[PDB]
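Chains as they are written, first to last, in our numbering: chain A, 1 to 50; chain B, 1001 to 1219; chain C, 2001 to 2229; chain D, 3001 to 3051; chain E, 4001 to 4061; chain F, 5001 to 5050; chain G, 6001 to 6100. Accompanying notes for the structure given below.
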């Protein structure tokens, strides 16, 4: 149950957020963006993916 | 005992790539695996100095909104892909470089006008692909010295700056033991970095940044 | 490269036990990075000074009782565990205590020394409650760091202690809570210079002007392994 | 005597000897399972959360 | 390493993998032979499973 | 009436407080409940069963 | 003490008989965590008696389940007490409230 709670919380979208709407080159700088507190985790974004 | 706390040695450089390594320390006193792992994390990911691409001027554009033809991927992607280029600037605050290429095929950072004063530390970085018998593109790329990661908050095209060379850093603490107790911490630091600097030395730079703060308190 | 380095500009010993200290200026993030590192170090690793054994004249084990005293011997040990003292250049010392006649017994009754200094004379050990009543006891203090429970300690001593000693659990670490806070301040006509405030509650044996430097020292030497790699 | 060597021996004995944990009742085959042990200071059996 | 499925790809009956891993581990522990895989001071339990990974064991041997 | 008592203390009447994680000093997202439950040690303590 | 209770603790701890309860009113004459002794007042004394109620408290002893049961004083020397006041806490009580 707690694992799924965490994954639900991690993957929601909140229509207002810090750092919302920018475009990123990958998960790693997604993480740098999260961890430094520059973007909120459920903020909307576009990323390059593979 | 009273002021001779246990000190680690590196148990390994544990190296798996030139881009990424898993530098592990043992033993650390209980709880110090965070107190250093995260402290060096917060240094490494946000306050390491370095040089990065900062602004772009492709030939004749006001906004990457304009999807100029002759290129396969549109200017929004060229703009981020040029953020992907790792660069070294020697002794200067900001430096502009010029790039051009012609003929049907890819474009690479190797095609930049390499000043030698500046090193493009990964030339084989593809920039775009060209799509007509007449396809050629020419642009100015600004590179700048700065610190950390700075978002797009502040014909020029602005872009976020990746001044810190750390692509990712992560750390764990885990059980370690000696002959009579197991409440001590191991620390694993894992990091991956853009090739400007080797990681087992980037951390030695960062440990210095942190050490320099303490220099005014240490007796 | 533009890093401003800190100095520990100011201190406020708001009480005989509580104090504030401030480190100023700091760059981006370093207010947080030191702010938490020093809190976590100050809680784990400041050395201090604890009672460690007690011998009371006529008692035999922790669970007994003494005629004419208001506490079971056990609650005397729970009281002395909280007693805190400085010691000057010593790894340990023995304190004698004597009292007779009705009324409280308090740390002020310990046979004082120049080389021991007690933070709070009024910390109370028991009551005496009969006209002829007495207690005499030899409290042994040791320096140390962290916490060491007596069960592991006697398992670490490996000789057999005599009948009629009592053992207490050791709680050396002298800081009871630490808080940190970060804010901008007037320097060089510029913004984002953090005045770190660290403010602290203690058992009273130490002063921040040592404590923050000692914590910074511990950090500075633990960190050597990461530059010596 | 629990001498200082014995743990470094133990951490060689056990180093990959599966031990079988089962609750009771044990309704179905998944109710006995084997795990590689790792040593602990306390007295509880530390089980994996998902299991 | 622990999951034996890649050894079961080679001994397509899973019961025969226990009979073969035991037989081979006995040739090591009891019969006095030594492994064709590089050992890492693993138990014979693991060495014999690591001998299926080299693809050089079946119950002919 | 609980709110009224919490207001008489100088306490936050939401009952919740923002907390930080002592592993990093990061703030938790959204406040969390904090307060004085009563807890009993039960007579099933472990060394009596190991 | 539990900080939140129901006010039934003031009854369970007394009626369960394990706190030592003042049989007659008076003043505390002596206390030492083994004895408590009460100079009962003459308004509740019986005429030929010395007029002094000792309470020898039970100290560390096994419960039937091996938990200890040491009673401890709650009074002070010279303090007045009234019939039915708690003189000494039981196990799991303080000031006569239940306190598990």
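Yeah, the Cβ is synthetic: ideal placement off N, Cα and C, and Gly gets one too.
- Going by beta carbons, residue 6070 of chain G and residue 6060 of chain G fall inside the 9 Å limit.
- With its beta carbon at least 9 Å from every one in chain A, residue 1195 of chain B lies outside the interface.
- In the DSSP assignment, the residues bridged to residue 3035 of chain D are D:3019.
- When rounded, the separation of the alpha-carbon atoms in residue 1168 of chain B and residue 5040 of chain F is 45 Å.
- Remark: C-beta atoms of residue 2041 of chain C and residue 2170 of chain C do not approach each other more closely than 9 Å.
- Against chain E, the CB of residue 3029 of chain D has no partner CB under 9 Å away; the residue lies outside that interface.
- By a beta-carbon distance limit of 8 Å, residue 2148 of chain C does not contact residue 2118 of chain C. Their separation comes to about 22 Å.
- In the structure shown, residue 4021 of chain E falls within a helical segment according to DSSP collapsed to helix, strand and coil.
- The shortest C-alpha to C-alpha distance from residue 1155 of chain B to any of B:1070, B:1139, B:1165, B:1164 is the one to B:1139.
- Taking the Cα positions, residue 2024 of chain C is about 9 Å away from residue 2187 of chain C.
- When the beta-carbon positions are compared, residue 1141 of chain B and residue 1098 of chain B come within less than 9 Å of each other.
- Take residue 2035 of chain C, set aside five residues on each side of it, and the residues of its chain with a beta-carbon closer than 8 Å to its own are 2180, 2181, 2182, 2196, 2198, in chain order.
- At a cut-off of 9 Å, the C-beta of residue 1079 of chain B has no neighbouring C-beta in chain C.
- Contact between residue 4037 of chain E and residue 4050 of chain E is confirmed by a C-beta separation of about 5 Å, below the 8 Å threshold.
- Neighbours of residue 2047 of chain C in chain B, taken as residues at a C-beta separation under 8 Å, are given in chain order as 1002, 1003.
- Positions of the alpha helix (DSSP H) runs, each at least 4 residues long and wholly inside the region 2041-2074 of chain C, cannot be given because no such run exists.
- Contact between the region 2123-2131 of chain C and the region 2153-2161 of chain C is absent: fewer than three C-beta pairs spanning the two stretches fall below 8 Å.
- Collapsing the DSSP output to three states places residue 1144 of chain B in a strand.
- The count of Cβ pairs closer than 8 Å, one atom from the region 6039-6048 of chain G and one from the region 5030-5049 of chain F, stays below three, leaving the stretches out of contact.
- Of all alpha-carbon atoms in B:1018, B:1030, B:1054, B:1075, the one lying nearest the alpha-carbon of residue 1144 of chain B is that of B:1054.
- Within the region 2106-2166 of chain C, the runs of beta strand (DSSP E) that reach at least 3 residues and sit entirely inside it are, in chain order, 2116-2118, 2124-2128, 2134-2145.
- Each of C:2110, C:2056, C:2026, C:2009 was checked against the Cα of residue 2191 of chain C, and the nearest Cα belongs to C:2026.
- A direct Cα-to-Cα measurement between residue 30 of chain A and residue 2038 of chain C gives close to 29 Å.
- Taking C-beta separations shorter than 8 Å and ignoring five residues to either side along the sequence, the partners of residue 6083 of chain G in its chain run 6022, 6023, 6024, 6025, 6044, following chain order.
- Taken atom to atom, the span from the alpha-carbon of residue 2206 of chain C to that of residue 1148 of chain B is near 38 Å.
- With a 10 Å radius around the Cβ and a threshold of 16 neighbouring Cβ atoms, residue 2002 of chain C comes out exposed.
- At a beta-carbon threshold of 8 Å, the residues of chain D lying near residue 4043 of chain E are 3015, 3016, 3017, ordered along the chain.
- Bounds of the alpha helix (DSSP H) holding residue 2215 of chain C are 2208-2222.
- Distance from the CA of residue 4020 of chain E to the CA of residue 4048 of chain E, rounded to the nearest whole angstrom, comes to 9 Å.
- In this structure, A:23 is the residue among A:23, A:9, A:37 with its C-alpha nearest to the C-alpha of residue 49 of chain A.
- Taking 9 Å as the CB threshold, residue 2146 of chain C stays off the interface with chain F.
- Residues of the region 5002-5026 of chain F whose Cβ lies closer than 7 Å to any Cβ of chain C, in chain order: 5022, 5024, 5025.
- In the displayed model, residue 2031 of chain C falls within a helix according to three-state DSSP.
- Residue 6 of chain A: member of the alpha helix (DSSP H) spanning 2-11, first to last residue.
- Shown here, residue 5050 of chain F sits in coil according to DSSP, grouped into three states, outside any helix or strand.
- Contact annotation: the region 2004-2023 of chain C does not touch the region 1063-1082 of chain B, with fewer than three C-beta pairs closer than 8 Å.
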